[PDB]
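There is one chain below, alone, in structure tokens, taken in the form deposited without the partner chain.
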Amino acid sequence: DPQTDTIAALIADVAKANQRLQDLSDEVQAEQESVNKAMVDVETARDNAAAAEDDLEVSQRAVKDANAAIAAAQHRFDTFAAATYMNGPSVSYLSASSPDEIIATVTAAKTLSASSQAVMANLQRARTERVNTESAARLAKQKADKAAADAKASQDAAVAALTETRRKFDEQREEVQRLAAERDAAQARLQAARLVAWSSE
């Protein structure tokens, strides 16, 4: 019969539509898991980038300190020399200096310079070590931000895939309801026809 084969086609169409809704549902769950996973990776990468920013800030502060140490030492030595000179035989000390006094004085001054240079060289070396660590930390930062940025991208993709799959699910759900109602109404019609057709036989 031409009827009973349109009912059969509808049984099949409703079955297909439901199977596809289910398959889209399973896809949704997998996208969901990938988005949740992607969000954990954003978080851990954000924390690593935060720790890298802290390292960098700490390293820059050590450099500022090293610089301050150099400025302070230079000033201490400059003050030492200036105080010695002001209270010395060229200024405040008015009495005669023998040849030996003069020689002691320049040798003291030469000694002070040599000592000052040795201390400053050490401070300059230390400063250099701080500038290096800052460079190291600045790069470890750049890597960490990059890594955080890449995690955000992965998340954004996973969010887009999931949103699209839910878009498909929603439309498939409408199709299912439509085919269901239509399959219902076809059987109803067929039944109705059978009752009428029997009522007169």
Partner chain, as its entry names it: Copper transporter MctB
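Between two forms, the rigid core is the largest collection of C-alphas that superpose within 1.5 Å. Numbering follows the first chain given and starts at 1.
The PDB entry records a higher mean C-alpha B factor for 94-102 than for its counterpart among 94-102 and 115-123. Comparing 24-32 with 133-141, the higher mean C-alpha B-factor in the PDB entry belongs to 133-141. Comparing the listed residues 46, 61, 37, 146, the entry records the largest Cα B-factor for 146. When the modelled residues of the chain are ordered by C-alpha B-factor, residue 16 sits in the lowest third. Among the modelled residues of its chain, residue 81 has a C-alpha B-factor that falls in the lowest third according to the deposited record.
Another form exists, solved in complex with the partner chain; not displayed. Remarks below refer to it.
Proximity of residue 121 to the partner chain in the deposited complex falls within the 4.5 Å heavy atom cutoff.
At the 4.5 Å threshold, heavy atoms of residue 142 reach the partner chain in the deposited complex.
Of the heavy atoms in residue 110, none are within 4.5 Å of the partner chain in the deposited complex. Residue contact check for residue 48: none of its heavy atoms lie within 4.5 Å of the partner chain in the deposited complex.
By the 4.5 Å heavy atom rule, the three marked residues 14, 191 and 196 all fail to count as contacting the partner chain in the deposited complex. Here the chain stands by itself, but in the deposited complex one stretch of 166-174, 129-137, 30-38, 153-161, 129-137, has heavy atoms within 4.5 Å of the partner chain. Taking the partner chain as positioned in the deposited complex, the residues of 61-76 that bring a heavy atom within 4.5 Å of it are, in sequence order, 70, 74.
Taking the rigid core as fixed, one finds a CA shift for residue 107 of 2 Å or more between the shown form and the other one.
Superposition of the core reveals a Cα shift of less than 2 Å for residue 25 between the shown form and the other one. Shown in the overlay between the shown form and the other one, fitted on the rigid core, is a CA shift at residue 11 smaller than 2 Å.
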